[PDB]
Structures are given as structure tokens and as C-alpha cells.
Trainee: 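Below is the structure I would like to discuss, written out as C-alpha cells.
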Amino acid sequence: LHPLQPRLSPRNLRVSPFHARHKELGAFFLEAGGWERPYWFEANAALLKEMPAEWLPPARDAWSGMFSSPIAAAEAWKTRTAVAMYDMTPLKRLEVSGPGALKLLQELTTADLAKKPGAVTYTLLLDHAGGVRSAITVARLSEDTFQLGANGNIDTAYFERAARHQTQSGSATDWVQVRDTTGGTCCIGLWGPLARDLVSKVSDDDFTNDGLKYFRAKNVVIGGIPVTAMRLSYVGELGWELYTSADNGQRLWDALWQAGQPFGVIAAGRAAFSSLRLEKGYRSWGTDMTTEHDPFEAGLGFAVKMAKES
Amino acid sequence: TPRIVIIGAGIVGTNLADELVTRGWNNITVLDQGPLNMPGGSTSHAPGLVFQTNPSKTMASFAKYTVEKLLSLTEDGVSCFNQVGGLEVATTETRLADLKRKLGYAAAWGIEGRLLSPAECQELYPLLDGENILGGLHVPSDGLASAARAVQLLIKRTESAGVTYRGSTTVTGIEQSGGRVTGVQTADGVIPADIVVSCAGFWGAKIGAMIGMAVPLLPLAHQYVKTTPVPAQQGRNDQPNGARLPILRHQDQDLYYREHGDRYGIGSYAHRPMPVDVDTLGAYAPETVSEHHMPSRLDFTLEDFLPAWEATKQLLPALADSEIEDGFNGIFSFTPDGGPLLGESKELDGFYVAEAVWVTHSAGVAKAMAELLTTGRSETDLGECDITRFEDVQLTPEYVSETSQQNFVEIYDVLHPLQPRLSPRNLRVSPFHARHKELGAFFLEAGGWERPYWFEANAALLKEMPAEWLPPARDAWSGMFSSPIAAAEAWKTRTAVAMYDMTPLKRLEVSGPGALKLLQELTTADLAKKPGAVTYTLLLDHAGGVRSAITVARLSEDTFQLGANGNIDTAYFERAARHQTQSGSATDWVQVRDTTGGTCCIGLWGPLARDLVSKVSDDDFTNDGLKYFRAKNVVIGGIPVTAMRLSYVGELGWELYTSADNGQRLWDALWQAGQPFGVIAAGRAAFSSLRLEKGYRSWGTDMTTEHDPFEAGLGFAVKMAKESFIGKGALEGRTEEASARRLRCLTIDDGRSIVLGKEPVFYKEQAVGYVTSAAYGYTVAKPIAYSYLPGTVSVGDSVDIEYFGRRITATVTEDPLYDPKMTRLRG
Amino acid sequence: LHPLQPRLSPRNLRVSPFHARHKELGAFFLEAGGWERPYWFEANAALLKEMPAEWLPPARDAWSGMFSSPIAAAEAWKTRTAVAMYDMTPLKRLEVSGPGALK
Ligand SMILES: Cc1cc2nc3c(=O)[nH]c(=O)nc-3n(C[C@H](O)[C@H](O)[C@H](O)COP(=O)(O)OP(=O)(O)OC[C@@H]3O[C@@H](n4cnc5c(N)ncnc54)[C@H](O)[C@@H]3O)c2cc1C
Ligand SMILES: Nc1nc2c(c(=O)[nH]1)N[C@@H](CNc1ccc(C(=O)N[C@@H](CCC(=O)O)C(=O)O)cc1)CN2
Ligand SMILES: Nc1nc2c(c(=O)[nH]1)N[C@@H](CNc1ccc(C(=O)N[C@@H](CCC(=O)O)C(=O)O)cc1)CN2
Ligand SMILES: [Mg+2]
């Protein structure tokens, strides 16, 4: 069996709010964690006739060509030179809330999270030996509410137990609740050099550098939909992760899609996504590092604030 | 009494100070950036036309009270109301029909009115060219408010009672601590306050931003023009502002009129919407404010007015011998639904709004708010006025701008109660939305959600449907936004199995060690039962009035899911949970989440519901496996689901809840299992009809805070034996049988004449009630309507319902109309 | 019955090749000769907020308003000022061929 080989059943268990639009665009779906994830979009085949030859990869052998397509090259191309919409809905999304939330995260992570709300921080979770249990993002949305981009249900269970333990043994001001909100929310990664040109057509919020700096978050309205925008890009380009409730997702998608037409916006899938993030050197927990590695071996020293008290 | 600061000395803020004073609260400071003698908000330019009749019972009562209050507000023998009566004329058949519906509202709300023939219209208002007049509606108690004079007299008498007024004082921020208001910032310092009420008119959104509150009003300009002296009017009225003819509405041309001595005042909505940026108005130095120079008056744009002037000369040819003398583009407030914005902010304890209020409703709004502040409740239902009625997508600046401008464009149009907007649409959709479009769903929206009213795919079933299920033809009005397809969907729900989309039902998760304690105090049920129980229960106010009717499902020791009625509930629970948390122990904390947008629900109902679900689940759905009004977790088509056994349509089956990401799978699994059982998707038209056949009440129409549970026939849901709950003391002694007014089920005798809501109900030729809910009952094959009626009227008695001026005979009937032994439901 | 009143069944007997695209655009279909014919497209509702007021018609009475929509005004507007695609597939189309055709 090839490492990407999907099951044929059961399928379509979990789908993002954009699923109808993705099928319209001829998404090739693979599954992970029950979620259907586009790996590329057949609609983008039409772009290969226009793509510069410098972007066209050589033939693949039969094995590396399984569950791959030249279309991924066109999607990488447009992400690097135009603007792309990636479905980040399946990214594990945890809400950690309550008066003991900051205290919990200060102890579990390698970052100083005690900053006025709006900061996004890439940070690690270690075990007592210094091995890397996880690498996550923490966005402080308000005094007592943080949204985490985690790595899966191992993280979820880790936070659940730790929050329960803190709550049980703490005061009236140490209680903290952890919710897995992934299934109730969605996210579009809107990335590429024309990302500002696009979003400014559908929002009156300020998306310039002055309005939202790198690794910051704020609430905005796009196409009429309340969104939490976070400025970062696992693909290494300008733009934002745009989060909203599942019921609003399709509208947000359609609004952006329409705004993006003059900029040549495309839907982009996981094959391009993985290639682009590797060009950026961004680590993926579970393969690039595990608890067998410390942050310095993995080249993640920068994410560890050794000056923290604890 | 608490220290109050009121922001704004318009007709709203001064009436509020007054209503508070008469209730013994006089520790009040009123602030206005303008001079006290002419503050310069919309109140300082309003022509003051007061038409009481309104489709809304609450707005109508506010208007009646304003008329009574202004008539009694007097000095040197001259009151602040000139009661010349009001006349709405019709120049199209469509409008003529609508005046008959409005005459119904008037009877329903206790306002005396008459329909006039064209000849009678000419006798009452001789300046009308009769050639295009088809009829008029005359209300003798309407008239003209002297709004700016009323402000002065109100300032005078409240000042005498100890109220402090500070004009030329600009509020620049709001001070707070611990989630509660502490004061009001001005350049010269902070004015301390325990309560702040923003009565700032079209500045309201600007005041709101000061505490991070979204106030969904849009400032819009509206043209008002005065003519030169009109020759026909020479000598008829007192100069300079006398009036003797009824105020005049010409809604077909978006115009209204009044006299100003021998001149005419012309109000036009017959121009493009004109949004105003309040930040560009400029700061007016108080000493510069005068009649033609104030912040609320923008330059007149003659070009916009020319068509209105032509139409005016057609209606009233005498004015063709006058000219336009002075015009201005006058600013005031519009909202997404035309309702005002009243009540306590979500963001800040002790901070209240009373904004976007017509002079017509001002005193009534002030009275309601003064009741709210001093007693904790308004004596009038504020369900359509509460600031918290709006969903999140409805509070964005873009939605507020777009829908308020559309409200302005449609302000005087004849509109069906179901008429949807064409934009913005598709804001919120359930996970089943693609499947619904495949099935040709006809969508209407509410709260931002797209809701199927029926499915064109089901048209194919009408050829097979027994004739007993086919309703008679509908008239054009009751047929709008209706379809015979709803009959087939009711049919299949009653005889087969249907899948309804219950996703839009407000869904609240109340969790934490103090959750049970919170709900025990707020609701009328004993919720302390092992998890798995579902309970239908009420939320009362301290007077025993019904704030809401909800379901509470106890999912675990510290987690409850509530099926609530909208965002008024959400904000009510949010504040109550916060208050309990702040003042309680480590074991009293409780969190409230609105999870509606992250979850979905299918109502799987009908006699074949078990046959269907048992094909896609190994869980036990027999009576032994899940009893009526119980919940448990199951797996269906591979999806984890919370199943609750109950049915607002009165049939066997369950509400099936799951996370949004799983919804489409659950739907498809059920859809496929249901094929041999003839499963259909069923929409809201069938849903509403079926639930009325069951006698189930709908909060907001069938009962509001104006009713107690016994009047509404909801006594069964109140556990009077509870040790404690909000409203309990007020209900002591009350029973359904002794209630002076009781909610009754009517069926329409002719089997055919459908009514829609708000129609007056008559007993022995007296108006004694009005239609709350109504639908055609497909199972009983006749129209149904509910109305409060004097306790004196009994089952079997006859009543008349007036519909477009025609009396329709109906009979008071025992409910439920369908399956009163509940044999379809229980066991 | 209104002169435009359609049957609810049988329907969808004859459809043009554009039918899927028309449903995507929220076509309101009426039938004639067995063909499903869009009378207007709900997708075009979005254009009314942008349309000049000069193009907006007055309210219709209930009868003339049946099987009509303000959306038709926006579609007329765009046809007169931009570019529109109408489905003329149902127009009866006859091929007359052979050496005696001209005769
Ligand atoms: C052209 C026109 C015609 C109209 N015709 C009618 C009609 O015929 N019938 C009818 O019922 N209604 C009519 N209206 C509507 C009407 O006038 C308003 O609905 C009403 O006057 C609102 O009263 P208010 O007390 O809420 O607001 P306002 O009268 O606007 O007073 C509120 C204010 O608060 C003050 N304020 C605002 N911000 C601050 C601050 N930061 N610090 C201190 N003070 C502040 C302002 O200076 C002002 O006095 C008309 C309005 C216009 C523009
Ligand atoms: N919400 C969000 N959370 C997440 C991911 C995501 O895709 N988006 N993906 C996973 C973790 N990964 C990364 C790895 C690198 C970066 C990144 O952006 N690194 C920049 C900036 C780092 C910073 O200065 O600390 C640097 O050049 O390495 C962001 C998420 C899971 N958590
Ligand atoms: N989840 C759920 N919650 C809800 C509604 C719903 O549709 N489902 N709809 C709203 C409230 N309404 C009702 C009204 C009646 C019933 C009902 O079922 N009444 C039966 C049983 C009552 C019981 O014995 O107390 C009786 O015959 O009156 C259920 C919800 C909002 N809350
Ligand atoms: Mg209008």
C-alpha cells in the first residue's frame, strides 16, 4: 500500500462548510481524522496551459505519482504569485477559557503568553525530559480566552486532563475549561501576494501592516461575516487565517471567491500546501519532531523562552 | 435611588427623566452637547405627525400613551398636542385593501377609526383632488405633537423636581469598573453614575462605540419642505403654525403633509436613501444653534425633491399656486427592522439604550424604560424593541447600513408579513443546505438563517395525495409565500416520515458546577434529576409574566442544553450566569455558550420514524430504549448524535443533534434509510400548521411578558411546589380557571377563510381579542387561529375575526385539535 | 387562475443543456411546450442594491405581481447597459434541406 492510500469507505464523515463549493471545483479528496481534505482541484487543470515552464515539474515515477498530480504545481504557482484559498478547517482548534486559562498555558507551553490580547504565538509543549510533545499556536483572543491551533486529539486529551487537574486543586480563580471547537467552526487560509488586494474589496477593516501586524489577531467583518483574522501563513506568503462559525463559512467563502476573480484567485489543496511549507522549513509535529527530540535538535530553539520562570 | 445620567435632552431623554421622577427617582442628571433651549437633535426639527395605528401592539400602545401624555402637558392653557385627527388616503386598489387591514389593527389595539369613501374624503379634506382618491382611513385621535415645546415643559417640571440639566456639555467617553458603569466622561471631568441611559438619537452608534457596544441604527437624512403661503389657505388657520385639517398621509407616493398656518409642510421619503456620517457633522458651538443651523439639519437637495413636488401638486392642486419656500435634509435614525432599540447593554451592567424612537412613540418608550429601571420590568412587551433581539451577523455595520436603507426605501410600502429581503441573504446556512437546494427548497430568512418553507421536490407528491388533504384555493394575500406543497408535507409527516431542519433553533449550552443552581432559580421546573431528562419550562419575570418558554435537557451532571427562543434569551442567561459567577464560590461558576452556529439538528418525525432510524443505528429507539422527553447519545450512520424524544409537530420521533461537520453525513444516512418509507424533507409552512394542530404555544406571539402562564394555558409547566424561582411569589393563588383572559383555539367555520395574525376578534360585536398565531390546519381541514379571550367566553362559543374588513365566523374549540390522547407521541 | 400559473406536475420534461448552470444561478422556471424556461434568476437579486433608482419599477398589485419579480428590472438594466445571456434553446428550430428547399 502507498502511504497516501485512502479507504473507500467509510468516507464523508466530516466535511467543512465549503464542501459543496469544493466539489464544484472538482476537489480530489483524501481523508484524515474523519475529515475530507482536498489535495488539489481539477478546476485548476485549466491553468497548466498558462503556467510558465519553469514551474512544471519533471515526470514522476509510478509510486511517487500515486495520489499526486501536476495540478499541485499550478496551485503552488498561484499561491506564490497571485492569491489562493486553502481550507484550514480540519486544523485542530481548541478554546481554553476561564480565569485560570493563562495560568494553565503559562505552565504547559514554552512561551510567555502574558501579553495584551491579540498576540499569536508559535510555541511548544514539552514533557519533563524536554522532548517535544507538540508544536502549536496560541492566540489570546481576550483576557480569559485563548484559541489554540493544535496537532490532534492527543493534544486535546492532554489539555483536558491538565485543565481538570488545575480546576480541581485550585481556587475560584483557577478554573479553566477546554473545548474542541474544530467541528463547529471553519477557517480559510487566504495567502499570496495579492491577498490584500482581494480582501480589501470585501471588508472595511484595515488589513495593511499598520492595521494588523504579523502574528497578531483581531476581529473583522468580511462579506458581512464576523471573522477572527490571524496574520500568519504556513505557506510563507502574505495573508491571514480567517476563522468563523460553521454556519457563516459558505458565505465567507463565496464573498472571497467573488472578490478574487479579477486577481485570479484559486482554491488550493494539501499537495501544494505541504510542498510550500517545506520550502519554508516549517516543522510538522509527529514526523519532523516527536518526544524523542528536544527543541534544539529540531531547530526550534527560537520558540523556547528559557528566561521564563517556569 | 441610584444616580442616573441621561445622555440626550431630546423628546426621549426628557420624557424618561419625567417618567422616572413621577416614580420617585429624581437623582438624575441630563446632559446635552447642545443648548437647553434648543438642543439641536432630530427633536428640534420634527414636524410632529402622530399616527397611532400600527401593526405592532406595543408600538400602538406607545403611540396612544404619547398622545395622552402630550395632551396633558400644558402651559398658559396650550397643550403639546393638537388633535386634528389623521387621514391616510389610497390612490391604488392595493392601498385601499391595506387600509382595511389597518382598520383591523386599530380595532385590535383599541384605536377608534373609520374607512371613508372618496366623497367622505372630499368632505373631510376638500383640498384633495378626488379623481385619484379611492378611499381613506380616518382616525380622529391622531394629530400633531409640539415636540420641541414638550421638551421645554418637561425640562421645566423635572427641574422643579430636582433633576439637573447640563446643556453645552459633550460626552466623550464612558467610565467603568468591574463590568459596570461608574460614570460619564466630559472635557470638564467625570460625572458619576450608577445607571447611564443613552438617549442620544442618531448619535447612538457613536455613543455605543464608547463601551464597545454595537448599536444597530443608521443615521439617514429625510426631506422636509415648507411652501410659501398657499392662496387657498388664506385666513383659515392661526399664524404662524396653526393647523385644523387632519394630518395627511399619501403613502402611495411616499409623502405626508401638515399645515403650518397658511403654508404646507411636506415630508418626503420619495428620495434615495441618504446615509449620514455623524463624525463629519462638526461640533456646533451652543450659541450658534438656531432653527436653521443645528446638527440635525443638512443642506436641502432640491433635485431630490422635484418628483415629490410634482406628486404633491397632483394630490393637492391648490399647492400648485405656491412655491417651495424652505427645505432641509433632516437627519434621524433607521434600524434593520424598523423597531426601536431599548434595554440594558450586553457589554456593561447599568448602561441602557433608548434609541431610534419616533416622536410618535417617545413617551411610551420613556414609560417602558422607567418601569424597567425602577422595577426591573416593563409593563409592555419589549420583545421587538429589545436591543438584544439581534443575532451577531445582524449587528455588523454593513448589515445595519444595507437593511436600514432598505427599511427607508420601503417605509410606506404595503408588505406581506412573510415578505423576505432579497439582500443580504445566505448569511447563515445549515449543513444540509446543498441537499435542500437539490430538493428545490423555497427559503425565507430569520435571524440570518436560510429556512426552507417547503420543497419543490415534494410537488410530485400532490398527484398521489388523497383529496381529503387538499386545501381549498387561497386568496392572493394569504397565498403569498404559501404553497399547496405544504399540504403534502403535512400529509407525509402525519402518515409516513419527514425530516425537518431544526438547526436554526437557538441552542445554548449552560455548563459548570453552578449550572443546575442557575437554572433552578431562572426556570419554573425542578431540574435536579439524573441526566437524560428533557423538560419544557418557562422563564418568568418577577411579576410572573412569561419571558420565554424553553426546553432544558440535562446532558450530564454539570451540562445542560437549552432550546431557547432567540438572542434575548442568550443575553438573559449570559448576564445571569456572570452575576452568579462573580458573587459565588468556586462551585458556583457557570458558563453559557450559544452553540447554534456550530451544531445542527434534524427533527425526524412521523409514524414510520422508528422503522427508518433502526436501519441506520444499532441503538435502542423503542419506548424501552428511550422514553418520551428523554435524551441519550446514539450513533446514526456512523455519526455521534444526541437524540431527544419530543416533537413540536406532534408525532413519533426525535430531535437529532450533532456537530456541523457531521451534519451532511447524518442527513444522507437518514435520507437513504428512508427511501423505502417514502421519507421527505419538510419545511416551515407544514411545521407551523402541525404545531398549531397540537396547541403548542410560540413565545412572542402566543404569550409575552404581558401574560402569566395560567392565562396562556401553560400552568402545567409551572412547578408551584418549587422552593424558589423568579416569579413564584407573583403567581401564588393563580389558576387557569380563574384567569380573566385565556388563550383560546379558534377554528374558522367556513373551512376556507384563512387569517394571518393581528386580526381583531369580536364577541357579541365587541373587540375582545386578536389573532396571535394562525395557519391552515391540514389534518383538521380548516383554518386555525389563536386569540386571548375574556375568561367568560367558553369552548363552543362563536366569535368573529375581521380580515380585510370582513367578519369571519369562528368557534372556540378545545385543544389540541389533533390527537388529544397523545397516542401518536407517548409509549 | 393567473395567466402565468404553471402546473406543478408534470415538470422538467424538456430542459436545455444549460439547466444545471441555471439552477446554480437560482433560476425561477415556468414551462411552455414541455420546456423549462427561466423567467429570472435569483442570483441577480444581488444586483438590485447597485441598480440606479431610475431602473426600479413601482410596486405591483397582487395580481400583476404574481409570477413576476423586481429582479426582472435588474436583468433588463444589465441587458441594456452591459451584457446578458438568454436561453433561446426553446425557440422552435426547423431544418429544411434538399434540392427543393429554396423552391
Ligand atoms: C425631517 C424629519 C421629519 C420627522 N417627522 C416625524 C413625524 O412627523 N412624526 C414622528 O413621530 N417623528 C418624526 N421624526 C422623527 C423624530 O424627530 C425622531 O425620531 C425623534 O425626535 C428622536 O428623538 P430623540 O430624543 O431620540 O433624539 P434627539 O432629538 O436627536 O436628541 C438626542 C440628542 O442627544 C444629544 N447628544 C448626542 N450625542 C451627545 C454627546 N456625545 N454628549 C452630549 N449630548 C449628546 C444631542 O445633542 C441631541 O439633543 C422626523 C425626523 C426628521 C429628521
Ligand atoms: N493557527 C495555526 N496553528 C497551527 C498551524 C497552522 O498552520 N496555523 N500548524 C501547526 C503548527 N505549525 C507552525 C509552524 C511554523 C509557523 C510559522 O509561522 N513560523 C515562522 C514564524 C514563527 C514565530 O516568529 O514564532 C518562523 O519563520 O518559523 C506557524 C505554525 C499546528 N498549529
Ligand atoms: N428541543 C426544543 N426546544 C424548544 C422547541 C422545540 O421544538 N424543540 N421550541 C420552542 C419551545 N416550545 C415547545 C412547546 C411544546 C413542546 C411539547 O412537546 N409539549 C407537550 C409535552 C410537554 C411536557 O409534558 O412538559 C405538551 O403536550 O404541551 C416542546 C417545545 C423553543 N424551545
Ligand atoms: Mg419608499
Side-chain angles (χ1 to χ4, degrees), chain A residues 181 184-185 226 244-248, chain B residues 336-337 343 346 381-383 386-395 427-432 444-452 500-511 515 518-519 522-523 525 527 534-540 546-555 559-577 590-603 631 642 644 646-649 655-660 663 684 687-688 691 696-705 717:
Chain A
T181 56
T185 52
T244 193
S245 178
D247 60 329
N248 297 331
Chain B
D337 60 18
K346 295 191 306 206
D381 161 42
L382 300 186
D386 204 302
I387 178 90
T388 64
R389 69 187 178 270
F390 292 100
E391 297 287 319
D392 290 352
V393 290
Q394 292 185 302
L395 291 169
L427 292 188
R428 308 174 80 173
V429 299
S430 78
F432 324 129
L444 292 182
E445 74 89 9
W449 288 100
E450 296 293 332
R451 302 164 310 145
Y500 287 83
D501 185 358
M502 293 292 290
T503 299
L505 176 72
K506 180 72 65 184
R507 204 142 43 247
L508 300 186
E509 178 198 82
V510 179
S511 63
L518 190 65
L519 296 176
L522 297 179
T523 75
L527 298 172
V534 182
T535 306
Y536 174 65
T537 189
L538 307 176
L539 309 179
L540 314 179
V546 178
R547 290 191 59 105
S548 197
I550 64 168
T551 54
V552 180
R554 184 176 195 177
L555 297 189
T559 301
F560 296 75
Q561 181 179 126
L562 277 48
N565 286 300
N567 252 3
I568 297 166
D569 285 347
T570 304
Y572 179 64
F573 284 102
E574 280 170 331
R575 169 168 279 110
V590 45
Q591 280 192 329
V592 169
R593 300 189 157 63
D594 181 349
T595 56
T596 312
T599 52
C600 58
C601 178
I602 296 169
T642 306
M644 316 195 181
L646 74 162
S647 174
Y648 199 64
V649 298
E655 295 177 357
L656 308 166
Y657 295 87
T658 193
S659 178
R684 192 158 180 91
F687 179 93
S688 297
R691 72 86 178 182
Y696 301 145
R697 275 62 164 141
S698 178
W699 184 90
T701 64
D702 297 328
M703 68 295 190
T704 72
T705 55

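Letters A, B, ... are given to chains in the order of the sequence lines, protein chains preceding strands, and every chain is numbered from 1.
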Trainee: Look up atom CG in A:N248 and atom CG in B:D392, then write down how far apart they are to the nearest 0.5 Å.
Mentor: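 Here the rounded value is 8.5 Å.
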Trainee: Using side-chain contact (heavy atoms from CB on, under 4.5 Å), reason through B:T596 and B:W449 one step at a time and then give a plain yes or no.
Mentor: CA-CA 11 Å; B:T596 312; B:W449 288 100; 3.6 Å; yes
Trainee: Looking at CG of B:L539 and CG of B:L562, how far apart are the two atoms once the value is rounded to the nearest 0.5 Å?
Mentor: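 So the CG of B:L539 and the CG of B:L562 are separated by 8.0 Å.
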Trainee: Take B:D501 and B:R451 through the side-chain contact (heavy atoms from CB on, under 4.5 Å) test and state the conclusion after the steps.
Mentor: CA-CA 8 Å; B:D501 185 358; B:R451 302 164 310 145; over 6 Å; no
Trainee: Which residues pass the ring pair (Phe, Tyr, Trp, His ring centres under 6.0 Å) test with B:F687, not counting sequence neighbours?
Mentor: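 Checked B:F687 against ring pair (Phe, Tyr, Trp, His ring centres under 6.0 Å); matches are B:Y500, B:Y648.
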Trainee: Under 3.5 Å, side chain of A:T244 to main-chain N/O of A:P226, donor-acceptor pair present?
Mentor: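 Judged by distance alone, yes, a pair lies under 3.5 Å.
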Trainee: Against the six-membered ring of B:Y572, is B:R547 placed for a cation-pi contact (under 6.0 Å from the centre, within 45° of the normal)?
Mentor: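 Judged by the rule, B:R547 and B:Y572 form a cation-pi pair.
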Trainee: Quick one, B:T537 with B:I550, criterion side-chain contact (heavy atoms from CB on, under 4.5 Å). Give me CA distance, side-chain angles, the key distance, then yes/no.
Mentor: CA-CA 6 Å; B:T537 189; B:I550 64 168; 3.7 Å; yes
Trainee: Please report the C-alpha distance between B:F560 and B:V590 in whole Å, then the side-chain angles of each, then the deciding distance to 0.1 Å, and finally whether the side-chain contact (heavy atoms from CB on, under 4.5 Å) criterion is met.
Mentor: CA-CA 11 Å; B:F560 296 75; B:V590 45; over 6 Å; no
Trainee: Under a 4.5 Å cut-off applied to non-hydrogen side-chain atoms, are B:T388 and B:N567 in contact?
Mentor: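 No, too far: nothing below the 4.5 Å cut-off.
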Trainee: In Å, rounded to the nearest 0.5 Å, how long is the span from CD of B:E509 to CD of B:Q561?
Mentor: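 B:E509 CD to B:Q561 CD: 8.0 Å, rounded to 0.5 Å.
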Trainee: For the backbone of B:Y657 and the side chain of B:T642, can you confirm whether one donor and one acceptor N or O come within less than 3.5 Å of each other?
Mentor: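 The answer is no, because no donor-acceptor pair under 3.5 Å joins these two groups.
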Trainee: Measure the spacing between CD1 of B:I602 and CD of B:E655 and express it to the nearest 0.5 Å.
Mentor: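 If we round to the nearest 0.5 Å, B:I602:CD1 and B:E655:CD are 12.0 Å apart.
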Trainee: Between CG of B:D569 and CD of B:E574, what distance do you get to the nearest 0.5 Å?
Mentor: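 One finds 11.0 Å between CG of B:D569 and CD of B:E574.
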Trainee: Of all heavy-atom pairs between B:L527 and B:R554, which one has the smallest distance, and what is that distance?
Mentor: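 Taking every non-hydrogen atom into account, O-NH1, 3.8 Å.
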Trainee: For a quick test of reading the model, state the closest non-hydrogen atom pair linking B:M644 to B:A631 and the distance between them.
Mentor: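 Distance-wise, the nearest heavy atoms are CG-CB, 4.0 Å.
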Trainee: State which residues pass salt bridge (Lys or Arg N to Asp or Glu O under 4.0 Å) with B:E391; sequence neighbours excluded, sorted by chain then number.
Mentor: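 If we apply the salt bridge (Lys or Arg N to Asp or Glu O under 4.0 Å) test to B:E391, skipping adjacent residues, the hits are B:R428, B:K506.
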Trainee: Might you point out which heavy atoms bring B:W699 and B:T704 nearest each other, and give the distance in Å?
Mentor: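 For B:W699 versus B:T704, the nearest heavy atoms are NE1-CA, 3.9 Å.
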Trainee: Can you find a pair of side-chain heavy atoms, one from B:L540 and one from B:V546, that are under 4.5 Å apart?
Mentor: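 They are in contact (side-chain heavy atoms under 4.5 Å apart), so the answer is yes.
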Trainee: Identify the heavy atoms of B:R507 and B:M502 that sit nearest to each other, and give their distance.
Mentor: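 Heavy atoms of B:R507 and B:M502 come nearest at NH1-O, 3.5 Å.
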Trainee: What residues form a salt bridge (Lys or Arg N to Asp or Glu O under 4.0 Å) with B:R691, not counting sequence neighbours?
Mentor: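 Residues passing salt bridge (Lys or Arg N to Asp or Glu O under 4.0 Å) with B:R691: B:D702.
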Trainee: Using modelled atom types and a 3.5 Å cut-off, is there a donor and acceptor pairing between side-chain atoms of A:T185 and backbone atoms of A:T181?
Mentor: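 Such a contact is found between A:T185 side chain and A:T181 backbone.
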Trainee: Measure across A:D247 and A:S245 and return the closest heavy-atom pair with its distance rounded to 0.1 Å.
Mentor: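 Nearest heavy atoms, A:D247 then A:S245: OD1-OG, 2.6 Å.
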Trainee: Between A:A246 and B:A660, what is the shortest heavy-atom contact and its length?
Mentor: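 That closest heavy-atom pairing would be CB-CB, 3.5 Å.
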